[PDB]
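Report on the following structure.
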Amino acid sequence: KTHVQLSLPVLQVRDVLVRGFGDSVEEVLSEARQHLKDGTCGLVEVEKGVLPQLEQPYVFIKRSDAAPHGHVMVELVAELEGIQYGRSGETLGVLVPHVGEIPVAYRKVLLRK
């Protein structure tokens, strides 16, 4: 399928144990997609002070369109040293590995896969 319905645990930035997906734009997009397929991906809502507490390159979920079955359609965009790889809409959050942190909420998304 071109899209997959996922419910992503929303994590507090200070709880995150693994603060990024790897060391290159291509690696972080690859690992993010793998963790999304395996159900081991969390989401941190971006506010003042959040990104400096995480590791670059960053992987964002961004709104791809204006929401089937309550699932916002999203795509992945990576960022390294202020340059983005991908073009999309508003940031829903930054993706991180999930390793059993307790979420504060869930974010229903339709991931372009």
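Following the order of the structure tokens, chains are lettered A, B, ..., residues in each are numbered from 1, and ligands are numbered from 1.
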
Quick one: residues within 10 Å of stretch 5-19 of chain A, only C-alpha atoms counted, chain neighbours fewer than 3 positions away excluded, as a PyMOL selection string? chain A and resi 22+36-37+39-47+49-51+53-56+58+68-73+93-112

Which of chain A counts as alpha helix (DSSP H) under DSSP, as a PyMOL selection string please? chain A and resi 25-38

With only C-alpha atoms as the atoms that count, which of A:64, A:2, A:24, A:30 lies nearest to residue A:88?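 The shortest atom-to-atom distance to residue A:88 comes from A:64.
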
Mind checking which residues fall within 8 Å of residue A:29, counting only C-alpha atoms, ignoring those fewer than 6 positions away in the same chain, and posting them as a PyMOL selection string? chain A and resi 21+59+76-78

Assign secondary structure with DSSP using the backbone only, and return the residues of stretch 2-72 of chain A in strand (DSSP E or B) as a PyMOL selection string. chain A and resi 3-10+41-44+58-63+72

Just the selected residues (N, CA, C and O atoms), exported as a compact mmCIF listing (two decimals), in the first residue's frame, please.
# COMPACT_ATOMS: atom_id res chain seq x y z
N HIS A 3 0.19 4.04 1.43
CA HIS A 3 0.00 4.71 2.74
C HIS A 3 -0.31 3.64 3.78
O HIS A 3 -0.90 2.61 3.44
N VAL A 4 0.10 3.90 5.02
CA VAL A 4 -0.18 2.96 6.14
C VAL A 4 -0.67 3.79 7.32
O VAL A 4 -0.09 4.88 7.59
N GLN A 5 -1.76 3.35 7.91
CA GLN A 5 -2.34 3.96 9.13
C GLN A 5 -1.48 3.54 10.31
O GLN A 5 -1.32 2.33 10.54
N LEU A 6 -0.95 4.52 11.03
CA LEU A 6 -0.12 4.26 12.23
C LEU A 6 -0.63 5.15 13.35
O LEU A 6 -1.13 6.27 13.08
N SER A 7 -0.45 4.69 14.59
CA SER A 7 -0.73 5.48 15.81
C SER A 7 0.60 5.61 16.57
O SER A 7 1.07 4.60 17.07
N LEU A 8 1.19 6.80 16.52
CA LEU A 8 2.57 7.02 17.03
C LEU A 8 2.51 7.51 18.47
O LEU A 8 1.81 8.46 18.76
N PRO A 9 3.24 6.85 19.39
CA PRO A 9 3.32 7.35 20.76
C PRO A 9 4.05 8.69 20.78
O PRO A 9 5.12 8.81 20.20
N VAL A 10 3.45 9.67 21.45
CA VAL A 10 4.07 11.01 21.64
C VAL A 10 4.89 10.96 22.94
O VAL A 10 4.31 10.70 24.01
N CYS A 41 8.67 3.37 16.63
CA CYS A 41 8.97 4.80 16.36
C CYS A 41 8.10 5.68 17.24
O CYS A 41 6.85 5.49 17.26
N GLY A 42 8.71 6.64 17.91
CA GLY A 42 8.01 7.64 18.70
C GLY A 42 8.02 8.99 18.02
O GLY A 42 8.78 9.17 17.01
N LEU A 43 7.25 9.92 18.57
CA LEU A 43 7.10 11.29 18.01
C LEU A 43 7.30 12.27 19.17
O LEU A 43 6.65 12.10 20.17
N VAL A 44 8.12 13.30 18.96
CA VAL A 44 8.27 14.40 19.93
C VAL A 44 7.76 15.67 19.28
O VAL A 44 8.20 15.99 18.16
N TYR A 58 17.98 15.26 11.97
CA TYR A 58 16.59 15.11 12.45
C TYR A 58 15.73 14.47 11.35
O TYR A 58 15.96 14.72 10.12
N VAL A 59 14.69 13.75 11.76
CA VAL A 59 13.63 13.27 10.84
C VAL A 59 12.32 13.86 11.32
O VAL A 59 11.89 13.57 12.42
N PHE A 60 11.68 14.70 10.51
CA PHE A 60 10.34 15.24 10.79
C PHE A 60 9.26 14.44 10.08
O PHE A 60 9.50 13.96 8.94
N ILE A 61 8.07 14.39 10.68
CA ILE A 61 6.83 14.10 9.91
C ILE A 61 6.18 15.44 9.66
O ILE A 61 5.99 16.22 10.61
N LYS A 62 5.84 15.68 8.38
CA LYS A 62 5.22 16.90 7.87
C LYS A 62 3.90 16.56 7.17
O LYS A 62 3.80 15.48 6.59
N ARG A 63 2.94 17.45 7.26
CA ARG A 63 1.58 17.24 6.68
C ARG A 63 1.69 17.29 5.15
O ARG A 63 2.31 18.24 4.64
N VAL A 72 -3.94 12.03 9.85
CA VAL A 72 -3.36 13.10 9.00
C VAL A 72 -2.38 12.44 8.03
O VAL A 72 -1.54 11.62 8.47

What is the atom CA of residue A:52-atom CA of residue A:38 distance in Å, reported with one decimal?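 These atoms are spaced 26.9 Å apart.
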
From the options A:74, A:23, A:1, A:34, which residue's atoms come nearest to residue A:89, counting only C-alpha atoms?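 Answer, going by the shortest atom-to-atom distance: A:74.
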
Just checking: using only C-alpha atoms, which residue out of A:113, A:20, A:57, A:35 ends up closest to residue A:82?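 The shortest atom-to-atom distance to residue A:82 comes from A:57.
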